[PDB]
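Below is one structure, written out as structure tokens, with a few remarks after it.
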Amino acid sequence: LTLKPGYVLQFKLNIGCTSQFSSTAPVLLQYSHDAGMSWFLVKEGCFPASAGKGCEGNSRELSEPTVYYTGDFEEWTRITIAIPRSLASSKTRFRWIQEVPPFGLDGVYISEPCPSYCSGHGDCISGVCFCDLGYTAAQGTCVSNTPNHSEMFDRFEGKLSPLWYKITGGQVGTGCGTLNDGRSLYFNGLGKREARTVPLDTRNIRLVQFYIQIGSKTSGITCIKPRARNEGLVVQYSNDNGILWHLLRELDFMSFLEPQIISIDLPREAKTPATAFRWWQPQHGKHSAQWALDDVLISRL
Ligand SMILES: [Ca+2]
Ligand SMILES: [Cl-]
Ligand SMILES: [Mg+2]
């Protein structure tokens, strides 16, 4: 199929309703310009250490590879990719290869840009939006039937805040020791490690605050010392429920061997009726220092 730059690739994925990870066979989303014999990943990943083409200088958008590890896909998960200039070349073929539970695909939609990409709350079919449950079509896009939550606070002492949209590769735990107090949100997963909020109404939010630790000098095998720059963390916001992420703060791989507090004053652009936040470690969990958050606070101050 022929593609133009700002087009969009969409699908759903459920590998085998597993919480358990396997390194045996992840689903690789790959493309083909020469239609068959050569395969590259749709996204290689744009990482802190990366310096090639499509990921250089101050224009880069730090981004995960299109590689999907068994165990990170318990339920059905919609993936929406904005087709970059970088690969808007010739008629592209797409591959979903596993190399082991069989992966369930669904709703493979390739389309021209919808109004505001359906705000991340609908399927973009041939250029206009098909909103999911809880959302209705409005001004070309998909808007929530109800307003969004604003403030958030999680101390990680028991049940996770319902304002977490998805926690991948992590759970309430103690593997890096004490951060502020009690238990923390602890990341030891072997695939992707990401804490991601639901979209919030940040129009009057001033502060995003949290404690962080990445690795340890002394805590042992549950919190090993980081070795490479891609084991640092990226804190990002999105105004379209995760289609496009913008940098809030990059946390250096060697600067958080002991717990530290981080307080981020939100920029204007991150103050909307529907802005989600995420904490993500770019390098694959299998070879990466574990990390933890404590007392995540999103506040009007
Ligand atoms: Ca705590
Ligand atoms: Cl910092
Ligand atoms: Mg750095």
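Chain labels follow the order of the structure tokens: the first chain is A, the next B, and so on; residue numbering restarts at 1 in every chain, and ligands are counted from 1 in their shown order.
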Quiz prompt | Selection as JSON, numbers by chain: residues within 9 Å of ligand 3 by only C-alpha atoms and all ligand atoms | solution = {"A": [48, 49, 229, 230, 232, 250, 251, 252, 253]}
Hey, can you spit out that residue selection with C-alpha atoms as a CSV table (one decimal), in the first residue's frame?
chain,number,residue,atom,x,y,z
A,48,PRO,CA,19.1,9.0,24.8
A,49,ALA,CA,22.3,7.5,23.4
A,229,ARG,CA,23.1,5.7,29.1
A,230,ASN,CA,19.9,4.2,27.7
A,232,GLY,CA,18.3,6.4,32.3
A,250,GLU,CA,15.4,13.2,31.1
A,251,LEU,CA,16.9,11.6,34.2
A,252,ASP,CA,20.5,10.6,33.9
A,253,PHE,CA,21.5,6.9,34.3
Please report, as JSON lines, each residue of chain A lying at most 12 Å from ligand 2, together with the nearest pair of atoms and the separation in Å rounded to one decimal; use only C-alpha atoms and all ligand atoms, and order rows by chain and ascending residue number.
{"residue": "A:209", "atom": "CA", "partner": "ligand 2", "partner_atom_place_in_ligand_line": "1 (Cl)", "distance": 11.6}
{"residue": "A:210", "atom": "CA", "partner": "ligand 2", "partner_atom_place_in_ligand_line": "1 (Cl)", "distance": 11.5}
{"residue": "A:211", "atom": "CA", "partner": "ligand 2", "partner_atom_place_in_ligand_line": "1 (Cl)", "distance": 11.2}
{"residue": "A:212", "atom": "CA", "partner": "ligand 2", "partner_atom_place_in_ligand_line": "1 (Cl)", "distance": 10.1}
{"residue": "A:213", "atom": "CA", "partner": "ligand 2", "partner_atom_place_in_ligand_line": "1 (Cl)", "distance": 11.7}
{"residue": "A:232", "atom": "CA", "partner": "ligand 2", "partner_atom_place_in_ligand_line": "1 (Cl)", "distance": 10.7}
{"residue": "A:233", "atom": "CA", "partner": "ligand 2", "partner_atom_place_in_ligand_line": "1 (Cl)", "distance": 10.0}
{"residue": "A:234", "atom": "CA", "partner": "ligand 2", "partner_atom_place_in_ligand_line": "1 (Cl)", "distance": 10.2}
{"residue": "A:235", "atom": "CA", "partner": "ligand 2", "partner_atom_place_in_ligand_line": "1 (Cl)", "distance": 10.2}
{"residue": "A:248", "atom": "CA", "partner": "ligand 2", "partner_atom_place_in_ligand_line": "1 (Cl)", "distance": 10.2}
{"residue": "A:249", "atom": "CA", "partner": "ligand 2", "partner_atom_place_in_ligand_line": "1 (Cl)", "distance": 6.7}
{"residue": "A:250", "atom": "CA", "partner": "ligand 2", "partner_atom_place_in_ligand_line": "1 (Cl)", "distance": 6.6}
{"residue": "A:251", "atom": "CA", "partner": "ligand 2", "partner_atom_place_in_ligand_line": "1 (Cl)", "distance": 5.2}
{"residue": "A:252", "atom": "CA", "partner": "ligand 2", "partner_atom_place_in_ligand_line": "1 (Cl)", "distance": 7.0}
{"residue": "A:253", "atom": "CA", "partner": "ligand 2", "partner_atom_place_in_ligand_line": "1 (Cl)", "distance": 10.4}
{"residue": "A:254", "atom": "CA", "partner": "ligand 2", "partner_atom_place_in_ligand_line": "1 (Cl)", "distance": 11.0}
{"residue": "A:255", "atom": "CA", "partner": "ligand 2", "partner_atom_place_in_ligand_line": "1 (Cl)", "distance": 8.2}
{"residue": "A:256", "atom": "CA", "partner": "ligand 2", "partner_atom_place_in_ligand_line": "1 (Cl)", "distance": 9.1}
{"residue": "A:260", "atom": "CA", "partner": "ligand 2", "partner_atom_place_in_ligand_line": "1 (Cl)", "distance": 9.3}
{"residue": "A:261", "atom": "CA", "partner": "ligand 2", "partner_atom_place_in_ligand_line": "1 (Cl)", "distance": 9.2}
{"residue": "A:262", "atom": "CA", "partner": "ligand 2", "partner_atom_place_in_ligand_line": "1 (Cl)", "distance": 6.7}
{"residue": "A:263", "atom": "CA", "partner": "ligand 2", "partner_atom_place_in_ligand_line": "1 (Cl)", "distance": 8.8}
{"residue": "A:264", "atom": "CA", "partner": "ligand 2", "partner_atom_place_in_ligand_line": "1 (Cl)", "distance": 9.1}
Exercise. For ligand 1, collect every residue having any atom at a distance of at most 7 Å from a ligand atom (counting only C-alpha atoms and all ligand atoms); output as a VMD selection string.
Key: chain A and resid 155 to 157 180 to 184 294 to 295
Exercise. Considering only C-alpha atoms, return as a ChimeraX atom specification whatever protein or nucleic-acid residues lie within 8 Å of residue 241 of chain A, sequence-local ones (same chain, fewer than 2 positions apart) excluded.
Key: /A:119-121,198-199,238-239,243-244,274-276
What would the file look like if the residues just selected were written as a short mmCIF file (atom, residue, chain, number, x, y, z; two decimals), in the first residue's frame with C-alpha atoms?
data_model
loop_
_atom_site.label_atom_id
_atom_site.label_comp_id
_atom_site.auth_asym_id
_atom_site.auth_seq_id
_atom_site.Cartn_x
_atom_site.Cartn_y
_atom_site.Cartn_z
CA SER A 119 -7.13 12.54 20.31
CA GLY A 120 -5.98 8.97 20.99
CA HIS A 121 -9.58 7.98 21.74
CA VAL A 198 -4.82 8.36 32.17
CA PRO A 199 -5.35 11.74 30.52
CA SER A 238 1.10 13.57 25.72
CA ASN A 239 -1.90 15.68 24.64
CA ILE A 243 0.23 8.88 20.18
CA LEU A 244 2.80 11.68 20.51
CA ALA A 274 -6.55 15.91 28.52
CA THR A 275 -2.76 15.50 29.15
CA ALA A 276 -1.30 12.10 30.13
#
Might you pull out every residue within 8 Å of residue 90 of chain A, with only C-alpha atoms counted and same-chain residues fewer than 6 positions away left off, and present them as a PDB file with N, CA, C and O atoms, in the first residue's frame?
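Dumped everything to part-v3.pdb:
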ATOM      1  N   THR A   2       0.363   2.288  -0.714  1.00  0.00           N
ATOM      2  CA  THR A   2       1.033   3.588  -0.797  1.00  0.00           C
ATOM      3  C   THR A   2       0.712   4.456   0.420  1.00  0.00           C
ATOM      4  O   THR A   2      -0.444   4.547   0.844  1.00  0.00           O
ATOM      5  N   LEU A   3       1.746   5.083   0.974  1.00  0.00           N
ATOM      6  CA  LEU A   3       1.632   5.872   2.200  1.00  0.00           C
ATOM      7  C   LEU A   3       2.159   7.285   2.008  1.00  0.00           C
ATOM      8  O   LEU A   3       3.148   7.494   1.304  1.00  0.00           O
ATOM      9  N   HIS A  33       9.943  -1.989   2.146  1.00  0.00           N
ATOM     10  CA  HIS A  33       9.820  -1.057   1.026  1.00  0.00           C
ATOM     11  C   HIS A  33       9.969  -1.769  -0.316  1.00  0.00           C
ATOM     12  O   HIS A  33       9.281  -1.432  -1.284  1.00  0.00           O
TER      13      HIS A  33
END
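Residue-level DSSP output for segment 225-268 of chain A, from the backbone, shows strand (DSSP E or B) at residues 233, 234, 235, 236, 237, 238, 246, 247, 248, 249, 250, 251, 260, 261, 262, 263, 264 and 265 of chain A.
Picture a line from atom CA of residue 84 of chain A to atom CA of residue 278 of chain A; it runs 21.8 Å.
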Exercise. Pick out the residues sitting within 10 Å of residue 174 of chain A, and hand them over as a ChimeraX atom specification; count only C-alpha atoms, and ignore anything fewer than 4 positions along from it in its own chain.
Key: /A:178-179,182-187,222-223,292
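Interatomic distance, atom CA of residue 272 of chain A against atom CA of residue 13 of chain A: 29.2 Å.
Among the candidates A:79, A:114, A:97, A:88, the one nearest to residue 41 of chain A when counting only C-alpha atoms is A:97.
Each of A:203, A:284, A:85, A:166 was checked against residue 67 of chain A using only C-alpha atoms; the smallest atom-to-atom distance is that of A:284.
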Quiz item: Nearest to residue 10 of chain A: which of A:25, A:266, A:46, A:124 is it, counting only C-alpha atoms?
Solution: A:124
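Ranking A:27, A:81, A:296, A:128 by their shortest atom-to-atom distance to residue 15 of chain A, with only C-alpha atoms included, puts A:27 first.
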Practice problem: Do a neighbour search on segment 143-146 of chain A at 12 Å with only C-alpha atoms, toss out local chain neighbours closer than 4 positions, and write the hits as a ChimeraX atom specification. | Solution: /A:115-122,129-139,198-201,240-241,273-274
